[PDB]
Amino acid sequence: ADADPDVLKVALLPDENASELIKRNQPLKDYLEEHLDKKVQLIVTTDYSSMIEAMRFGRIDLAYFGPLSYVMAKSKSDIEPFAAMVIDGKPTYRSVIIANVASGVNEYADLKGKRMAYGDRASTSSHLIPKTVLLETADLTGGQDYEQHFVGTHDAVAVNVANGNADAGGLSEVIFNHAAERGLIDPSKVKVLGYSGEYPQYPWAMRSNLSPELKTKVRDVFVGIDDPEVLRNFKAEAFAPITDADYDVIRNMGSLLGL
């Protein structure tokens, strides 16, 4: 393994259409090349498990993980978290639970016997969080009291609810809120049922066998970002420093999934 590679392989959680993700992250790629003196190669894997496996086998250097996929990768490989974005004045985010207007689902209790869409099994806000909300508020258990279907991206959750393939679904609040704008769905076909509480934001992480000098530089460059052109694509105000213990809440909640 190379401690100080000339090219940095930088993976992005596949929570949306890969072209959308490459587009959104272009200004950050340009900023990193300038301030790190490295070439940057952006990667989007086919699913969450393939990004976790790429990290374990040393095939990527930096990764933008979700909270649950981060704690899963950290259990399998030697990695460290270093930054997360501050969006809307907070270092946290929420899941939204949505329903198709034609399904007969008017509240959480009405999901008994119906079809729920989740994203990836390793998703925080399109699986773990909404599943926990349905259990704690309505005493509903996935696969036992309702059908669960895993459709991949958060984009796919919104599409499958809106077109009638699912009756309800759970996903990231920010991703849902821009789905009509991007032309993914007709917003008249869906309604919001409710929201989760606030959970720690997606962490940036790197393989811990990079050199100490390179790891310090990566952390300093990200936390120092105040360029409006980089921040605007994310609707962010800053990149904040983080530690592994910030994700213990997710570890504890993950006991319900057998982690």
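Note that residue numbering follows the sequence shown and begins at 1.
* To do: Output the stretch having the higher mean C-alpha B factor in the entry; the candidates are 2-10 and 248-256.
  => So the stretch with the higher mean C-alpha B-factor is 2-10.
* To do: State which stretch shows the higher mean Cα B factor in the entry: 66-74 or 34-42.
  => On average, C-alpha B-factors are higher across 34-42.
* Among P130, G119, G183, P81, which carries the highest Cα B-factor? -> Each of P130, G119, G183, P81 was compared by C-alpha B-factor; the highest is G183.
* Asked: Lowest, middle or highest third: where is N106 by Cα B-factor in its chain?
  -> Ranked within chain, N106 CA B lands in the highest tercile.
* Ordered by C-alpha B-factor within the chain, which third holds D88? Give me lowest, middle or highest, please. => Highest third, going by the recorded CA B-factors of the chain.
* Asked: Of the three thirds of its chain by CA temperature factor, lowest, middle or highest, which one includes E173?
  -> It belongs to the lowest third of the chain when residues are ordered by C-alpha B-factor.
* Asked: Would the CA B-factor of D226 place it in the lowest, middle or highest third of its chain?
  -> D226: CA B-factor falls in the highest third of its chain.
* To do: Name the third of the chain's ranked CA B-factors that contains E53, choosing lowest, middle or highest.
  => Middle third of the chain for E53's C-alpha B-factor.
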